[PDB]
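Q: Take this structure first; my questions come after.
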Amino acid sequence: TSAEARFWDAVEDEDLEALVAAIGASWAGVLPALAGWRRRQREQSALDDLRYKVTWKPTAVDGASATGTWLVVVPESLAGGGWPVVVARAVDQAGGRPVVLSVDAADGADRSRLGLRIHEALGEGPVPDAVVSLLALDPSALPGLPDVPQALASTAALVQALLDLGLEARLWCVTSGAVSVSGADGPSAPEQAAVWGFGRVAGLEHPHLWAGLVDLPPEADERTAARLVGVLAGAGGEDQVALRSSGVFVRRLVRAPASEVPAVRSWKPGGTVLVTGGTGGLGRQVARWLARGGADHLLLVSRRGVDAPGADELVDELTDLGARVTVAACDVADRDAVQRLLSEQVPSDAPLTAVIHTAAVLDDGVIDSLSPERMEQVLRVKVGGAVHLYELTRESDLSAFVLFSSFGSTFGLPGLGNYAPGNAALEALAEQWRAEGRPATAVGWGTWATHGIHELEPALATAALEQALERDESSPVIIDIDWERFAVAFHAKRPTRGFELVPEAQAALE
Amino acid sequence: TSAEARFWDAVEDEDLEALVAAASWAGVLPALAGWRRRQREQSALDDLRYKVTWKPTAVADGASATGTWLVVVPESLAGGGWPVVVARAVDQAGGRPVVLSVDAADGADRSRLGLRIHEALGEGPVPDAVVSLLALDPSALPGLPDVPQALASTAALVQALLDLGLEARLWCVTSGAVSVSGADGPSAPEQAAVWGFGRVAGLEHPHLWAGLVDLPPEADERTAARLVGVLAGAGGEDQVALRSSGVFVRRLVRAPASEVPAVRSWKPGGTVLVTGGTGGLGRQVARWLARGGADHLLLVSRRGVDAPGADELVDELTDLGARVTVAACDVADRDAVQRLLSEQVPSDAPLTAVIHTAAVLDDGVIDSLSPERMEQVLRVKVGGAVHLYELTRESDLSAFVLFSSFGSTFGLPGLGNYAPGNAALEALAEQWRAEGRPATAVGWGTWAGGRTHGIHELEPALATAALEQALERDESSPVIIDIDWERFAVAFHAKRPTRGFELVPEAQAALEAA
Amino acid sequence: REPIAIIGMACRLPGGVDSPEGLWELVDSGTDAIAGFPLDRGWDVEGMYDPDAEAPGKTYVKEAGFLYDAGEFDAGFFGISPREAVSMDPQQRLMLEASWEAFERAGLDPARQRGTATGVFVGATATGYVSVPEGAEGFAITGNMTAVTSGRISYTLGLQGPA
Amino acid sequence: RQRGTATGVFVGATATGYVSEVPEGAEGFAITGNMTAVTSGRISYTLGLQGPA
């Protein structure tokens, strides 16, 4: 060992006798504060291990050969012009046979009708080799269920209609403006981002059926359509690509470099911090963090309010920290309930300064069992609550508007088909709101308090959130991954190139 | 981490306001800053410190003796011990040996040895390897006593192979030139001088020189087989030693004196004799001793008072509180040294230490070196140290410091008439410590004032303090040198590929990145 | 009480021994294989010496019997990746090559022992090799379990007797 | 009464991290006290059993 190493051992052990021996009375008062500082540095290194970020890597692409017949599913509104015309020619140029099946909003969001229309379009002819879907290019909402985008309901109905038929063809899901590769590229659409959240889960649940996702630029083009068929038919193991005028890009998760420099933009709380799902699991941990940081008023919101499981227990703890608590029983999905909540409960002396959206319905299931009615319940509060709160709080300069996303959106996990799309939509809303000059942060959270993914201790998780808020951290991914077992299990379900830039994951498979 | 670095920045600058945020710290902080200051000072001296060591290596299942091998054997030994077993080992390893007996006079002469080689290998084919056992004669050269027969024969053999124009690689073998452990006996300086020469010959003529290999005291078929195994093997190792234990390879390793406790105190008392004391390193030694409260200093040199700057050096030393005496004396003359040790050393200030820094520079390439040029260099370097050691036996000395050089430690081109004398001093120190005497051989790098292809000049303040720490720890053979391993390891490996710096992590990192 | 035939042997011992005949040459020549501590294992060989036996963390011993090539192993032969080999205890690696050689010296094709009632009885202790490369902590667990010093031989050679 | 008998001791055990801090002078005890072989041998020592441990 060295003399510097021996010094820190005496500091951590809190051995005053050995400390003065390691160097050449006043040490009694110094030692506890110094050992406490050394403890916070060990927790900071553990916090640095939790940080990751989704990035877009440029990749080189040269006349790929297409085989068999390519069933191109498309909405009835866009058929006859735009992307559907140029994609049909690009597959014909490469060798394939296009079968452009035009489908309306009603048959598209129903698996029985969609499967019957696919069966009729294919007819007695040979089974298709690929199925290129342009259904996500519909920006409208589902009839009667406004929180369910047409893009999501159609994509879910398509994968399950194909499973009902058992065609064995590879399903490539095409989209436009669902992802942003270079930041200033443009903000994403929440309706189309939900499709990626769905798609990553579909990729792990049905690996053979699902081929991947490809994002397209705004204007249709012959050269872009040629590059689209080039990556679908080509020998590229990339399941998440995005095409632009610049070239081809691929989605990659990577560790965010450690801060190692003072974050001189301290999280200054005050006024009123609105927290949805405050009585719930993650909501209660956020309330503890805010009251300890020195908040003035914490307006906790939930469907239960004071008549919750541990509301009286939580209020009696929170009061001792130094902040006024006012919990409420109001549903974040109803717009009229949120309008009256931002006036009756929030006082004038402490205006709304920050919003922390953590509300979600406890529904989860396999792709086969999902339905549009089941998706409305989840997206009513998760996405619907976020847009209602944002639109009404425009007449107020907010400090922060954090949205609680999840690891299910960032990389995906089986069984999160009615969970990951809503989280992916929040990520898209955050970058759309930052483009409007407003503060927003979509945190891809891990489990709090599934194999490989270790549970985050709430104290370390709220510290990572605080440091991300202090920095202008756009879309941070905070999760404790055991890359060794996680990267192997993820590859066993579906072999992917997404965890290529993480050295730990790249090594695990070799 | 940068947070830990920012903590030390506030501690070293002694900023209390910054440290409390990142009081009881007021009395603690200057004690902590002082400890951190002492650790930086210790770290600066430790970076200069290395030592030669012997790495035990696994015994490989060596390749067959590829081709005809010329084994140059001296006449004095004749077919008896080592020559009989090595020839039998080359024969049984699938090779044809041709023994060549040589006279002491023929071995020393360049042209005569070369004629004898052309005579022996005349009818047969051109050999693929030459194995010289000429270093095994411990006698001195006739007429030139300071030149050993081993160094003269090895010099004549290498330069004869350039004249003849043979491609065969030369492996020079020795016995007792190096000491791999404490149990291993002290090294014979006449054979250690061959190693000093061989490292230089290795760099100047990389293809010609295969390497050096030391043998145990007794001869046996077992070690002879190991010998031809390493000569005919894959190679890489150009400095090996064979013992009962197995195979050893010469290495340089860092030797930080931080964890090593300070045994004994450097208290210069009585008279401290310093050869070469009027100029160069001896002049910096004199300044160092007078600062440490030396009583009397006997600065010697073959010019004495007539040396440049001797007039103001004596003034500088007496101003530092030290009695001084400067005398003109040829250390290579035993009578002059005996008269100096009786007339110049006062009764009230008896001799307590000797610092041998005397030498005469006569640099030249191996092709231009002769026994005559070697005698002048070795007379004062080795001879002077031998005379001063033998004439101060009855006197009880605290230390006897021999100034060696990095030219001996690893070598450089052009130092063929400089490194052997330094290597003989290192072996002499081992012989004297075996007799129970405080000898210390210091492998010095270049000094500021008096080649920067990685080797930086040592600052005299750091050099003297590193020497003082080594003396205060009974270090046998300290290597003090400032090396930029990022450039030196590559430059030395380009001149000749060696694994000698394998155990210096900075040097091994530089070699891998290439 | 039937006599048991020794039909094959293998060994790696200090002083260059890699075979029964190499061991014979060592004792027939009366050789002493004790030599300096290894210099390529991260040991503080210089700092650990102290003649005082009561000095903590120190030793008065400077030489011993070593396999200076203890880390040399044909990982590929046994289908072991370079990264699993680094995290694998050299005791398991030495046992794999010695076991292969001992079956060969018995005139037994080691692969014809697959599916045979061949037992493996090994004396060994945990010696702290793991005091780890990325993507090989799982390998380090079985790679350093004392039970696996015998078990890995049976696994690699498909031996069905007890290990 | 089992002292001097041919009583064997067969134990299945693995080394754990009890000792990586032991009392001064108790270093000799830490060696045998954490040797997996002594988990069986100690029974034979304490009870004077002569069969293999």
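Ligands are numbered from 1 in the order shown, chains are lettered A, B, ... in the order of the structure tokens, and residues start at 1 in each chain.
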Write out as a PyMOL selection string all residues of range 209-408 of chain A that backbone DSSP assigns to strand (DSSP E or B).
A: chain A and resi 210-216+240-243+248-255+272-276+297-302+324-325+328-329+352-357+365+400-406
Q: Mind dumping the selected residues with C-alpha atoms as a CSV table (one decimal), in the first residue's frame?
A:
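Result file part-v6.csv:
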```csv
chain,number,residue,atom,x,y,z
A,210,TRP,CA,-40.8,-8.2,-35.6
A,211,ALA,CA,-37.9,-7.1,-37.9
A,212,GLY,CA,-37.6,-3.5,-36.5
A,213,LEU,CA,-38.4,0.2,-36.9
A,214,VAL,CA,-37.2,2.8,-39.5
A,215,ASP,CA,-37.9,6.5,-39.1
A,216,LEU,CA,-38.4,8.6,-42.3
A,240,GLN,CA,-33.8,0.8,-34.9
A,241,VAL,CA,-32.7,3.1,-37.7
A,242,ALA,CA,-33.7,6.6,-38.9
A,243,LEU,CA,-33.1,8.0,-42.4
A,248,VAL,CA,-28.4,6.7,-42.1
A,249,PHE,CA,-28.4,6.7,-38.3
A,250,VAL,CA,-28.8,3.9,-35.7
A,251,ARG,CA,-30.1,4.0,-32.0
A,252,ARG,CA,-27.5,3.3,-29.3
A,253,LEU,CA,-27.5,3.5,-25.5
A,254,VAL,CA,-24.2,4.9,-24.0
A,255,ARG,CA,-22.9,5.8,-20.6
A,272,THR,CA,-45.8,25.1,-4.9
A,273,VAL,CA,-44.4,21.8,-6.4
A,274,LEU,CA,-47.3,19.9,-8.0
A,275,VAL,CA,-46.7,16.1,-7.7
A,276,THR,CA,-49.2,13.6,-9.4
A,297,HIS,CA,-45.7,23.9,-0.3
A,298,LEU,CA,-46.1,20.4,-1.8
A,299,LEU,CA,-49.4,19.9,-3.6
A,300,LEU,CA,-49.7,16.1,-3.8
A,301,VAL,CA,-52.4,14.8,-6.1
A,302,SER,CA,-54.0,11.3,-6.7
A,324,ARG,CA,-47.1,22.7,4.1
A,325,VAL,CA,-48.9,19.7,2.6
A,328,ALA,CA,-56.2,16.1,-3.2
A,329,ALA,CA,-58.5,13.5,-4.7
A,352,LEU,CA,-47.0,26.7,-9.1
A,353,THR,CA,-43.2,26.6,-9.7
A,354,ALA,CA,-42.6,23.0,-10.7
A,355,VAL,CA,-44.6,19.9,-11.8
A,356,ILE,CA,-43.5,16.2,-11.2
A,357,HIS,CA,-45.7,13.8,-13.2
A,365,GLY,CA,-50.0,-7.6,-20.2
A,400,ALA,CA,-39.0,22.4,-14.1
A,401,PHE,CA,-41.6,20.0,-15.5
A,402,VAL,CA,-40.2,16.5,-15.0
A,403,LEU,CA,-42.0,13.5,-16.6
A,404,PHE,CA,-41.4,10.1,-15.1
A,405,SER,CA,-40.6,7.7,-18.1
A,406,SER,CA,-39.3,4.1,-17.7
```
Q: Give me, as an NGL selection string, all polymer residues having an atom no more than 12 Å from range 143-157 of chain C, counting only C-alpha atoms and skipping those fewer than 6 positions away in the same chain.
A: (:C and (77-80 or 83-100 or 103 or 109-132 or 136-137 or 163)) or (:D and (12-16 or 36))
Q: Would you save the residues of that selection, restricted to C-alpha atoms, as a PDB file, in the first residue's frame?
A:
```
ATOM      1  CA  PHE C  77      -7.441 -26.489 -26.481  1.00  0.00           C
ATOM      2  CA  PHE C  78     -10.053 -26.851 -23.683  1.00  0.00           C
ATOM      3  CA  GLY C  79     -12.573 -24.478 -25.364  1.00  0.00           C
ATOM      4  CA  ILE C  80     -11.962 -21.744 -22.761  1.00  0.00           C
ATOM      5  CA  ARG C  83     -11.164 -13.807 -20.752  1.00  0.00           C
ATOM      6  CA  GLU C  84     -12.446 -16.880 -18.845  1.00  0.00           C
ATOM      7  CA  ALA C  85      -8.791 -18.141 -18.733  1.00  0.00           C
ATOM      8  CA  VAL C  86      -7.595 -14.873 -17.051  1.00  0.00           C
ATOM      9  CA  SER C  87     -10.316 -15.098 -14.353  1.00  0.00           C
ATOM     10  CA  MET C  88      -9.698 -18.899 -13.958  1.00  0.00           C
ATOM     11  CA  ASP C  89      -7.634 -20.053 -10.928  1.00  0.00           C
ATOM     12  CA  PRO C  90      -4.261 -21.446 -12.232  1.00  0.00           C
ATOM     13  CA  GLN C  91      -4.840 -24.488  -9.964  1.00  0.00           C
ATOM     14  CA  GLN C  92      -7.784 -25.503 -12.196  1.00  0.00           C
ATOM     15  CA  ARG C  93      -5.739 -24.800 -15.352  1.00  0.00           C
ATOM     16  CA  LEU C  94      -2.713 -26.794 -14.142  1.00  0.00           C
ATOM     17  CA  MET C  95      -4.994 -29.740 -13.243  1.00  0.00           C
ATOM     18  CA  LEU C  96      -6.578 -29.749 -16.722  1.00  0.00           C
ATOM     19  CA  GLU C  97      -3.242 -30.066 -18.611  1.00  0.00           C
ATOM     20  CA  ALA C  98      -1.744 -32.480 -16.050  1.00  0.00           C
ATOM     21  CA  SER C  99      -4.863 -34.704 -16.226  1.00  0.00           C
ATOM     22  CA  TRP C 100      -4.733 -34.777 -20.029  1.00  0.00           C
ATOM     23  CA  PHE C 103      -4.126 -40.172 -19.356  1.00  0.00           C
ATOM     24  CA  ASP C 109      -6.714 -41.532 -25.511  1.00  0.00           C
ATOM     25  CA  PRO C 110      -8.245 -38.904 -23.097  1.00  0.00           C
ATOM     26  CA  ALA C 111     -11.285 -38.520 -25.414  1.00  0.00           C
ATOM     27  CA  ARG C 112     -12.024 -42.325 -25.253  1.00  0.00           C
ATOM     28  CA  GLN C 113     -12.589 -41.764 -21.447  1.00  0.00           C
ATOM     29  CA  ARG C 114     -15.853 -39.833 -22.279  1.00  0.00           C
ATOM     30  CA  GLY C 115     -18.763 -41.751 -20.667  1.00  0.00           C
ATOM     31  CA  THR C 116     -16.557 -44.028 -18.523  1.00  0.00           C
ATOM     32  CA  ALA C 117     -16.772 -44.609 -14.765  1.00  0.00           C
ATOM     33  CA  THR C 118     -13.543 -42.640 -14.196  1.00  0.00           C
ATOM     34  CA  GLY C 119     -13.277 -40.920 -10.809  1.00  0.00           C
ATOM     35  CA  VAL C 120     -11.345 -37.753 -10.019  1.00  0.00           C
ATOM     36  CA  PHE C 121      -9.909 -37.374  -6.492  1.00  0.00           C
ATOM     37  CA  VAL C 122      -8.027 -34.056  -5.988  1.00  0.00           C
ATOM     38  CA  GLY C 123      -6.366 -32.543  -2.971  1.00  0.00           C
ATOM     39  CA  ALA C 124      -6.526 -28.724  -3.163  1.00  0.00           C
ATOM     40  CA  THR C 125      -7.278 -25.532  -1.135  1.00  0.00           C
ATOM     41  CA  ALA C 126      -8.504 -22.001  -2.012  1.00  0.00           C
ATOM     42  CA  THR C 127      -5.379 -19.807  -2.430  1.00  0.00           C
ATOM     43  CA  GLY C 128      -6.952 -16.390  -3.270  1.00  0.00           C
ATOM     44  CA  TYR C 129      -6.289 -15.946  -7.014  1.00  0.00           C
ATOM     45  CA  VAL C 130      -9.241 -13.529  -7.199  1.00  0.00           C
ATOM     46  CA  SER C 131      -8.074 -10.945  -4.592  1.00  0.00           C
ATOM     47  CA  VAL C 132     -11.686  -9.291 -12.759  1.00  0.00           C
ATOM     48  CA  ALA C 136     -16.276 -12.625 -16.779  1.00  0.00           C
ATOM     49  CA  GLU C 137     -17.404 -12.340 -13.105  1.00  0.00           C
ATOM     50  CA  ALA C 163     -15.132 -35.910  -8.712  1.00  0.00           C
TER      51      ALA C 163
ATOM     52  CA  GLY D  12     -18.709 -31.385   3.674  1.00  0.00           C
ATOM     53  CA  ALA D  13     -17.670 -27.731   4.061  1.00  0.00           C
ATOM     54  CA  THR D  14     -16.490 -24.700   2.078  1.00  0.00           C
ATOM     55  CA  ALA D  15     -14.357 -21.746   3.133  1.00  0.00           C
ATOM     56  CA  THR D  16     -16.281 -18.528   3.870  1.00  0.00           C
ATOM     57  CA  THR D  36     -11.446 -25.936   6.061  1.00  0.00           C
TER      58      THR D  36
END
```
Q: Distance CA of residue 321 in chain A-CA of residue 348 in chain A, one decimal place?
A: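 These two atoms are separated by 22.3 Å.
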Q: Please return as a tab-separated table (two decimals) with N, CA, C and O atoms, in the first residue's frame: the residues of range 246-408 of chain B that backbone DSSP assigns to alpha helix (DSSP H).
A:
```
chain	number	residue	atom	x	y	z
B	281	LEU	N	31.39	15.91	-10.58
B	281	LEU	CA	30.51	15.35	-9.55
B	281	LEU	C	31.15	15.45	-8.16
B	281	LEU	O	30.44	15.72	-7.19
B	282	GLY	N	32.46	15.27	-8.07
B	282	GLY	CA	33.19	15.39	-6.81
B	282	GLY	C	33.04	16.75	-6.17
B	282	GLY	O	32.98	16.87	-4.95
B	283	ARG	N	32.94	17.79	-7.00
B	283	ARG	CA	32.74	19.17	-6.55
B	283	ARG	C	31.34	19.34	-5.94
B	283	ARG	O	31.19	20.06	-4.96
B	284	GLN	N	30.33	18.67	-6.52
B	284	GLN	CA	28.96	18.68	-6.00
B	284	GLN	C	28.86	17.83	-4.71
B	284	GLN	O	28.04	18.14	-3.84
B	285	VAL	N	29.68	16.77	-4.59
B	285	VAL	CA	29.78	15.93	-3.40
B	285	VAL	C	30.37	16.78	-2.26
B	285	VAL	O	29.89	16.71	-1.14
B	286	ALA	N	31.43	17.56	-2.55
B	286	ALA	CA	32.06	18.43	-1.56
B	286	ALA	C	31.07	19.45	-1.01
B	286	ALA	O	31.01	19.63	0.20
B	287	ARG	N	30.26	20.08	-1.89
B	287	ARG	CA	29.24	21.05	-1.47
B	287	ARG	C	28.22	20.36	-0.56
B	287	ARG	O	27.84	20.92	0.47
B	288	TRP	N	27.79	19.15	-0.95
B	288	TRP	CA	26.83	18.34	-0.20
B	288	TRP	C	27.34	17.98	1.21
B	288	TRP	O	26.58	18.10	2.17
B	289	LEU	N	28.60	17.54	1.32
B	289	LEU	CA	29.18	17.14	2.61
B	289	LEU	C	29.39	18.34	3.54
B	289	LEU	O	29.09	18.23	4.72
B	290	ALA	N	29.87	19.48	3.01
B	290	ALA	CA	30.08	20.68	3.83
B	290	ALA	C	28.76	21.24	4.38
B	290	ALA	O	28.76	21.81	5.48
B	291	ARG	N	27.64	21.09	3.64
B	291	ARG	CA	26.33	21.53	4.12
B	291	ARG	C	25.84	20.65	5.28
B	291	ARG	O	25.22	21.16	6.21
B	310	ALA	N	39.57	25.53	-8.20
B	310	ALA	CA	39.94	25.01	-6.88
B	310	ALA	C	40.13	26.14	-5.86
B	310	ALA	O	39.87	25.93	-4.68
B	311	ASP	N	40.57	27.34	-6.33
B	311	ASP	CA	40.80	28.50	-5.48
B	311	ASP	C	39.52	28.99	-4.80
B	311	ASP	O	39.55	29.25	-3.60
B	312	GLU	N	38.41	29.13	-5.55
B	312	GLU	CA	37.16	29.60	-4.95
B	312	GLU	C	36.30	28.47	-4.39
B	312	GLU	O	35.40	28.75	-3.59
B	313	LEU	N	36.55	27.20	-4.78
B	313	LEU	CA	35.80	26.07	-4.23
B	313	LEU	C	36.16	25.92	-2.76
B	313	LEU	O	35.26	25.76	-1.93
B	314	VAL	N	37.47	26.00	-2.42
B	314	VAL	CA	37.91	25.90	-1.03
B	314	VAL	C	37.30	27.03	-0.18
B	314	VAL	O	36.93	26.77	0.97
B	315	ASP	N	37.15	28.24	-0.74
B	315	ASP	CA	36.53	29.36	-0.02
B	315	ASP	C	35.05	29.05	0.25
B	315	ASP	O	34.60	29.22	1.38
B	316	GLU	N	34.32	28.59	-0.78
B	316	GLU	CA	32.89	28.24	-0.67
B	316	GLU	C	32.65	27.19	0.42
B	316	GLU	O	31.69	27.31	1.19
B	317	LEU	N	33.51	26.16	0.48
B	317	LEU	CA	33.37	25.07	1.45
B	317	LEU	C	33.68	25.50	2.89
B	317	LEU	O	32.97	25.09	3.81
B	318	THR	N	34.73	26.32	3.10
B	318	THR	CA	35.04	26.81	4.45
B	318	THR	C	33.95	27.78	4.95
B	318	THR	O	33.70	27.84	6.15
B	319	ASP	N	33.28	28.52	4.03
B	319	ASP	CA	32.18	29.40	4.42
B	319	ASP	C	30.97	28.59	4.92
B	319	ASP	O	30.25	29.05	5.80
B	334	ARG	N	49.97	3.61	-5.95
B	334	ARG	CA	49.75	3.12	-4.58
B	334	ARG	C	50.58	3.87	-3.53
B	334	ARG	O	50.09	4.12	-2.43
B	335	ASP	N	51.81	4.24	-3.88
B	335	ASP	CA	52.70	4.95	-2.96
B	335	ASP	C	52.17	6.35	-2.64
B	335	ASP	O	52.15	6.75	-1.48
B	336	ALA	N	51.70	7.08	-3.67
B	336	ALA	CA	51.14	8.42	-3.49
B	336	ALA	C	49.91	8.40	-2.59
B	336	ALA	O	49.76	9.29	-1.76
B	337	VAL	N	49.05	7.38	-2.73
B	337	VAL	CA	47.85	7.24	-1.92
B	337	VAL	C	48.22	6.92	-0.47
B	337	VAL	O	47.60	7.45	0.45
B	338	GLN	N	49.26	6.08	-0.26
B	338	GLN	CA	49.74	5.73	1.07
B	338	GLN	C	50.33	6.97	1.77
B	338	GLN	O	50.08	7.16	2.96
B	339	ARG	N	51.10	7.79	1.04
B	339	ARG	CA	51.66	9.03	1.60
B	339	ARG	C	50.55	10.04	1.91
B	339	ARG	O	50.65	10.77	2.89
B	340	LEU	N	49.52	10.10	1.05
B	340	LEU	CA	48.38	10.99	1.24
B	340	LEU	C	47.60	10.58	2.50
B	340	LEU	O	47.19	11.45	3.27
B	341	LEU	N	47.40	9.27	2.71
B	341	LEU	CA	46.67	8.76	3.88
B	341	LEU	C	47.46	8.85	5.21
B	341	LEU	O	46.99	8.32	6.21
B	342	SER	N	48.63	9.48	5.22
B	342	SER	CA	49.43	9.64	6.44
B	342	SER	C	49.82	11.10	6.68
B	342	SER	O	49.91	11.51	7.84
B	343	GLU	N	50.07	11.87	5.62
B	343	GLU	CA	50.48	13.27	5.73
B	343	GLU	C	49.28	14.21	5.71
B	343	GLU	O	49.23	15.13	6.53
B	371	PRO	N	43.78	-2.44	-25.88
B	371	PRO	CA	44.13	-2.60	-24.46
B	371	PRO	C	44.88	-1.42	-23.85
B	371	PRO	O	44.78	-1.18	-22.66
B	372	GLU	N	45.62	-0.67	-24.68
B	372	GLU	CA	46.37	0.50	-24.25
B	372	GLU	C	45.41	1.59	-23.80
B	372	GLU	O	45.61	2.18	-22.74
B	373	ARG	N	44.34	1.84	-24.58
B	373	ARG	CA	43.31	2.83	-24.23
B	373	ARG	C	42.55	2.41	-22.97
B	373	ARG	O	42.18	3.26	-22.16
B	374	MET	N	42.31	1.10	-22.80
B	374	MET	CA	41.62	0.56	-21.63
B	374	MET	C	42.44	0.72	-20.35
B	374	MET	O	41.87	1.02	-19.31
B	375	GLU	N	43.77	0.51	-20.41
B	375	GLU	CA	44.62	0.63	-19.23
B	375	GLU	C	44.54	2.01	-18.59
B	375	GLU	O	44.44	2.10	-17.38
B	376	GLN	N	44.59	3.08	-19.40
B	376	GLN	CA	44.56	4.44	-18.87
B	376	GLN	C	43.25	4.70	-18.11
B	376	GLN	O	43.29	5.24	-17.00
B	377	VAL	N	42.12	4.25	-18.66
B	377	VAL	CA	40.81	4.42	-18.04
B	377	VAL	C	40.69	3.58	-16.76
B	377	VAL	O	40.28	4.11	-15.73
B	378	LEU	N	41.05	2.29	-16.83
B	378	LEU	CA	40.94	1.38	-15.68
B	378	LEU	C	41.94	1.65	-14.55
B	378	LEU	O	41.65	1.28	-13.41
B	384	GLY	N	42.58	2.85	-8.58
B	384	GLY	CA	42.50	3.84	-7.51
B	384	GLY	C	41.60	3.38	-6.38
B	384	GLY	O	41.98	3.48	-5.21
B	385	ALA	N	40.43	2.82	-6.72
B	385	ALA	CA	39.49	2.30	-5.72
B	385	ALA	C	40.10	1.10	-4.97
B	385	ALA	O	39.88	0.97	-3.77
B	386	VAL	N	40.86	0.24	-5.67
B	386	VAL	CA	41.52	-0.92	-5.06
B	386	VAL	C	42.59	-0.43	-4.08
B	386	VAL	O	42.70	-0.98	-2.99
B	387	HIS	N	43.38	0.58	-4.47
B	387	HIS	CA	44.43	1.11	-3.60
B	387	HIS	C	43.83	1.76	-2.35
B	387	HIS	O	44.30	1.52	-1.24
B	388	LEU	N	42.78	2.58	-2.53
B	388	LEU	CA	42.11	3.24	-1.41
B	388	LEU	C	41.38	2.27	-0.50
B	388	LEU	O	41.24	2.56	0.68
B	389	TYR	N	40.91	1.13	-1.02
B	389	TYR	CA	40.25	0.13	-0.19
B	389	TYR	C	41.28	-0.62	0.65
B	389	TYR	O	41.09	-0.79	1.85
B	390	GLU	N	42.37	-1.09	0.02
B	390	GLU	CA	43.42	-1.86	0.69
B	390	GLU	C	44.21	-1.05	1.71
B	390	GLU	O	44.68	-1.62	2.69
B	406	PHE	N	25.02	4.85	-15.41
B	406	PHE	CA	23.95	4.24	-16.20
B	406	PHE	C	24.52	3.49	-17.43
B	406	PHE	O	23.88	2.56	-17.92
B	407	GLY	N	25.71	3.89	-17.91
B	407	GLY	CA	26.41	3.20	-18.98
B	407	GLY	C	26.71	1.76	-18.61
B	407	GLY	O	26.75	0.90	-19.49
B	408	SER	N	26.88	1.46	-17.31
B	408	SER	CA	27.06	0.10	-16.80
B	408	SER	C	25.69	-0.54	-16.61
B	408	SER	O	25.49	-1.67	-17.04
```
Q: What residues in chain C lie within 10 Å of chain A, counting only C-alpha atoms, written as a PyMOL selection string?
A: chain C and resi 44+47+81+83+133-138
Q: What's around residue 28 in chain C at 12 Å? Count only C-alpha atoms, leave out sequence neighbours fewer than 6 positions away in its own chain, and write the answer as a PyMOL selection string.
A: (chain B and resi 222) or (chain C and resi 21-22)
Q: How would the residues just chosen look if you wrote them out with C-alpha atoms as a CSV table (one decimal), in the first residue's frame?
A:
```
chain,number,residue,atom,x,y,z
B,222,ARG,CA,23.1,-30.5,-16.8
C,21,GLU,CA,11.4,-38.1,-16.0
C,22,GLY,CA,12.1,-34.4,-15.5
```
Q: List the spatial neighbours of residue 1 in chain D as a CSV table (one decimal) with N, CA and C atoms, in the first residue's frame - criterion: any atom at most 12 Å away, only C-alpha atoms, same-chain residues fewer than 2 positions off excluded.
A:
```csv
chain,number,residue,atom,x,y,z
D,3,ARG,N,-12.5,-41.5,22.8
D,3,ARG,CA,-11.1,-41.3,22.7
D,3,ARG,C,-10.4,-42.6,22.5
D,4,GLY,N,-9.4,-42.6,21.5
D,4,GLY,CA,-8.7,-43.8,21.2
D,4,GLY,C,-9.4,-44.8,20.3
D,5,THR,N,-10.6,-44.5,19.8
D,5,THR,CA,-11.4,-45.3,18.9
D,5,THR,C,-11.2,-45.0,17.5
D,6,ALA,N,-11.4,-46.0,16.6
D,6,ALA,CA,-11.3,-45.8,15.1
D,6,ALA,C,-12.6,-45.1,14.6
D,7,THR,N,-12.8,-43.9,15.1
D,7,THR,CA,-13.9,-43.1,14.7
D,7,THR,C,-13.5,-42.1,13.6
D,47,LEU,N,-12.0,-34.6,20.7
D,47,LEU,CA,-12.6,-35.9,21.2
D,47,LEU,C,-11.6,-37.1,21.1
D,48,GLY,N,-10.3,-36.8,20.7
D,48,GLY,CA,-9.3,-37.9,20.6
D,48,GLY,C,-9.7,-39.1,19.7
D,49,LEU,N,-10.3,-38.8,18.6
D,49,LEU,CA,-10.7,-39.8,17.7
D,49,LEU,C,-9.5,-40.2,16.8
```
Q: Distance cut-off 8 Å, counting only C-alpha atoms - which residues of chain C neighbour chain B? Return them as a PyMOL selection string.
A: chain C and resi 15-16+31-40+46-47+67-69
